[PDB]
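As given, the protein sequences belong to chains H and L, one line each in that order.
The first sequence lines up with residues 1 to 218 when you count with the deposited numbering.
The second sequence lines up with residues 2 to 212 when you count with the deposited numbering.
Each residue gets a CB set at the ideal place from its N, CA and C atoms; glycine is no exception.
Please read the structure below before turning to the comments.
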Amino acid sequence: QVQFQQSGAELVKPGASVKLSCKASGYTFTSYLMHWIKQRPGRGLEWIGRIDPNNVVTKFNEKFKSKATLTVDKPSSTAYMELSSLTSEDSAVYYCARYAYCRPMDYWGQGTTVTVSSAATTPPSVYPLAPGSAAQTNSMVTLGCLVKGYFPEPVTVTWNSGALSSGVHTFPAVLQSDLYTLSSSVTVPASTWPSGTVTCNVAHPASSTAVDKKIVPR
Amino acid sequence: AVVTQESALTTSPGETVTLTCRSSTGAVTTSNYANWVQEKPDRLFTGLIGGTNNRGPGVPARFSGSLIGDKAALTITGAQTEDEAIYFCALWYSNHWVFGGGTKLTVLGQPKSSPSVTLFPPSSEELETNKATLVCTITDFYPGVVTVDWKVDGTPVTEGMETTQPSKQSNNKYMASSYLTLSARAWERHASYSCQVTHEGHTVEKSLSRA
Ligand SMILES: O=C(O)CCCCCNC(=O)Cc1ccc(O)c([N+](=O)[O-])c1
Numbered sequence: 001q002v003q004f005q006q007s008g009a010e011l012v013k014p015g016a017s018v019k020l021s022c023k024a025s026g027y028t029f030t031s032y033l034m035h036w037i038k039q040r041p042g043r044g045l046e047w048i049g050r051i052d053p054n055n056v057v058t059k060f061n062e063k064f065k066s067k068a069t070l071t072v073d074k075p076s077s078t079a080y081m082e083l084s085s086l087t088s089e090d091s092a093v094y095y096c097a098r099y100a101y102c103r104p105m106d107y108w109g110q111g112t113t114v115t116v117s118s119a120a121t122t123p124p125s126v127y128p129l130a131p132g133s134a135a136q137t138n139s140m141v142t143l144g145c146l147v148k149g150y151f152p153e154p155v156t157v158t159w160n161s162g163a164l165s166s167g168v169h170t171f172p173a174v175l176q177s178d179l180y181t182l183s184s185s186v187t188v189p190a191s192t193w194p195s196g197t198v199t200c201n202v203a204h205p206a207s208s209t210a211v212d213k214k215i216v217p218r
Numbered sequence: 002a003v004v005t006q007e008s009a010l011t012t013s014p015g016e017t018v019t020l021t022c023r024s025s026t027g028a029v030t031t032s033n034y035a036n037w038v039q040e041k042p043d044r045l046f047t048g049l050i051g052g053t054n055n056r057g058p059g060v061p062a063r064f065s066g067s068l069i070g071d072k073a074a075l076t077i078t079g080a081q082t083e084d085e086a087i088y089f090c091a092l093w094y095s096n097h098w099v100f101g102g103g104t105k106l107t108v109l110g111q112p113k114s115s116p117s118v119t120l121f122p123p124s125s126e127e128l129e130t131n132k133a134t135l136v137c138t139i140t141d142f143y144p145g146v147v148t149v150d151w152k153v154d155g156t157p158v159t160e161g162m163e164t165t166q167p168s169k170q171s172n173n174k175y176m177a178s179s180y181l182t183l184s185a186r187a188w189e190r191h192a193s194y195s196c197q198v199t200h201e202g203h204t205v206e207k208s209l210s211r212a
């Protein structure tokens with residue numbers, strides 16, 4: 001009905017500027033102010049700037065004057081943001097939001113996440129983590145496979161080759177130095193590990209890898 | 002400007018709740034034009050109360066526009082399970098907006114049980130690249146607001162802690178992970194590396210060692 005199509009994901013690298021767009025949809029574009037708001041990966045929002053589709057004029061943040069050019073396309077009711085040659089320090093999720101008098105909004109788009117990585121598609125070095133930590137050996141033991149150092153984001157990790165659902169928790173991934181890092185966990189009880197053996201699968205589609213790494217005590 | 006909200010809270014589905022939004026520079030006069038915008042299930046943000054009191058087109062009439070005294074205040078009357086979300090307050094510093102950190106809300110489904118924490122070792126393998134990596138497996142927690150504190154031998158780690166935000170698992174209770182990343186000498190002359198987790202102001206502790 002009244003929608004707001006922003007694109008979906010973008011990969012910029014350090015020193016490459018980006019032009020992102022907000023396609024506005026089903027309302028009278030020019031007679032509604034537009035905002036752009038960054039959400040840095042997971043802690044707090046920052047308003048960036050402000051376009052008026054009727055006259056084009058912008059207020060910026062104190063913070064984004066050396067970075068964005070907010071610019072509009074009236075016939076296609078699109079409202080593009082341009083970010084001049086950027087640091088590793090602004091890989092985020094960006095949102096255009098429209099608003100009438102004084103709001104961040106009444107509508108925001110999906111939020112085009114432009115992840116700023118100069119390094120390309122690469123295979124994850126998965127490590128066996130052993131439960132040898134602070135706690136006496138009792139009933140259920142928690143094991144973990146850490147699939148470190150991969151590019152791009154897509155890893156699809158099955159634990160004991162496929163059959164064991166009952167205790168697995170893969171984590172949401174993080175990104176240390178332009179590539180990603182993730183672990184996947186499991187907690188089967190004593191009368192399984194080490195005897196009924198544990199080894200994990202590492203599937204990472206783009207850079208061909210289907211890795212079977214084994215868990216032990218060290 | 003610090004536009005300072007609350008950090009996190011709970012109310013049980015049915016009961017009323019009042020969210021506040023105070024600011025660094027004195028007191029939220031109407032001039033601010035106060036805003037409330039919420040996020041929910043997978044990154045969609047819906048806007049809520051504009052200009053201290055005006056409801057967004059379809060924001061249900063429970064949500065109340067209320068500048069309480071000094072501070073701006075949202076209230077969610079008759080709080081419901083369809084209101085468990087992160088709410089952002091926004092205050093207009095004359096010729097530019099500034100966002101609070103939000104609050105996450107919990108509309109008290111399944112009871113408040115704690116985290117099954119398990120810290121991990123740096124494995125024999127990354128020790129060849131001279132990296133040594135730490136995972137703290139923090140899991141099963143409700144509500145979604147736990148913290149991470151790390152200490153390398155008494156010493157609270159200021160050095161490079163990377164973490165996750167509360168991923169909702171399968172029965173709708175949360176999990177998290179914390180990556181402490183270091184190089185071998187930075188591991189070695191150090192014995193107890195200590196994983197600290199808090200729920201509602203109540204901690205847990207795990208460690209490793211070397212001798
Ligand atoms: O036209 C409108 O809808 C109201 C805004 C005032 C006229 C156009 N200029 C605006 O300069 C900048 C502007 C002015 C006021 C304001 O409250 C916001 N804001 O973002 O909330 C932005």
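Residues of chain L with CB under 8 Å from residue i, in chain order?
| i | result |
| --- | --- |
| residue 150(H) | Under the 8 Å cutoff, chain L gives no residues; its nearest Cβ is about 14 Å from residue 150(H). |
| residue 129(H) | 121, 122, 124 and 136 |
Helix or strand or just coil, what does DSSP make of residue i?
| i | result |
| --- | --- |
| residue 70(H) | strand |
| residue 163(H) | coil |
| residue 9(L) | strand |
| residue 130(L) | helix |
| residue 89(L) | strand |
| residue 193(L) | coil |
| residue 232(L) | Past the boundaries of the shown model lies residue 232(L); chain L is included only from 2 to 212, so the question cannot be answered. |
| residue 156(L) | coil |
| residue 32(L) | helix |
| residue 30(H) | helix |
| residue 67(L) | strand |
| residue 82(L) | helix |
| residue 186(L) | helix |
| residue 212(H) | strand |
| residue 179(L) | strand |
| residue 90(H) | helix |
Going straight from the alpha carbon of residue i to that of residue j, what length do you get?
| i | j | result |
| --- | --- | --- |
| residue 14(H) | residue 38(H) | 18 Å |
| residue 162(H) | residue 116(L) | 27 Å |
| residue 80(H) | residue 129(L) | 47 Å |
| residue 138(H) | residue 131(H) | 11 Å |
| residue 211(L) | residue 155(L) | 15 Å |
| residue 98(H) | residue 48(L) | 10 Å |
| residue 50(L) | residue 66(L) | 6 Å |
| residue 201(H) | residue 51(H) | 49 Å |
| residue 99(L) | residue 196(L) | 34 Å |
| residue 120(L) | residue 153(L) | 13 Å |
| residue 39(L) | residue 202(L) | 26 Å |
| residue 226(H) | residue 43(L) | Because chain H here runs from 1 to 218, residue 226(H) falls outside it and cannot be looked at. |
Taking C-beta pairs closer than 7 Å, name the residues in chain H that residue i reaches, listed in chain order.
| i | result |
| --- | --- |
| residue 51(L) | 102 and 103 |
| residue 138(L) | 142, 144 and 185 |
| residue 197(L) | Chain H residues near residue 197(L): none, gap ~12 Å exceeds 7 Å. |
At least one CB of chain L closer than 7 Å to the CB of residue i: is that the case?
| i | result |
| --- | --- |
| residue 171(H) | yes |
| residue 201(H) | no |
| residue 193(H) | no |
| residue 68(H) | no |
| residue 108(H) | yes |
| residue 218(H) | yes |
How would you list, in chain order, the residues of chain L whose beta-carbon sits under 7 Å from the beta-carbon of residue i?
| i | result |
| --- | --- |
| residue 111(H) | 44 |
| residue 59(H) | 96 and 97 |
Using beta carbons (cut-off 7 Å, strictly below), is residue i in contact with chain H?
| i | result |
| --- | --- |
| residue 121(L) | yes |
| residue 152(L) | no |
| residue 97(L) | yes |
| residue 143(L) | no |
| residue 36(L) | yes |
| residue 48(L) | yes |
| residue 66(L) | no |
| residue 163(L) | yes |
| residue 155(L) | no |
| residue 79(L) | no |
| residue 27(L) | no |
Output, in chain order, the set of chain H residues within a Cβ distance shorter than 8 Å of residue i.
| i | result |
| --- | --- |
| residue 207(L) | 133, 134 and 135 |
| residue 166(L) | 42 and 172 |
| residue 170(L) | 169 |
Can you pull the chain H residues whose beta carbon is under 9 Å from the beta carbon of residue i, in chain order?
| i | result |
| --- | --- |
| residue 61(L) | The premise fails here: residue 61(L) is roughly 14 Å from chain H at the closest Cβ pair, so nothing lies under 9 Å. |
| residue 89(L) | 44, 45 and 104 |
| residue 202(L) | Those within 9 Å of residue 202(L) in chain H number zero; the least Cβ separation is about 21 Å. |
So does residue i have its beta carbon nearer than 6 Å to some heavy atom of ligand 3?
| i | result |
| --- | --- |
| residue 102(H) | The ligand content of the structure shown is limited to ligand 1, which means ligand 3 is not among them. |
Can you pull the chain L residues whose beta carbon is under 9 Å from the beta carbon of residue i, in chain order?
| i | result |
| --- | --- |
| residue 62(H) | 97 |
Taking Cβ-Cβ distances below 7 Å as the criterion, which residues of the region 155-184 of chain H are in contact with chain L?
-> 169, 171, 172, 174, 176, 181 and 183
Under 9 Å (Cβ pairs) to chain H, residues found in the region 102-134 of chain L = Within the region 102-134 of chain L, the residues whose Cβ lies closer than 9 Å to any Cβ of chain H are, in chain order, 102, 103, 117, 119, 120, 121, 122, 123, 124, 125, 126, 127, 130, 132 and 134.
Near-chain L residues of the region 7-24 of chain H (beta-carbon distance less than 8 Å), N- to C-terminal order = none
What residues in the region 174-191 of chain L bring their beta carbon closer than 7 Å to a beta carbon of chain H?
-> For the region 174-191 of chain L, which is checked against every Cβ of chain H, the residues closer than 7 Å are 176, 178, 180 and 182.
Looking at chain H, which residues of the region 11-22 of chain L have a Cβ within less than 8 Å of any of its Cβ atoms?
-> none
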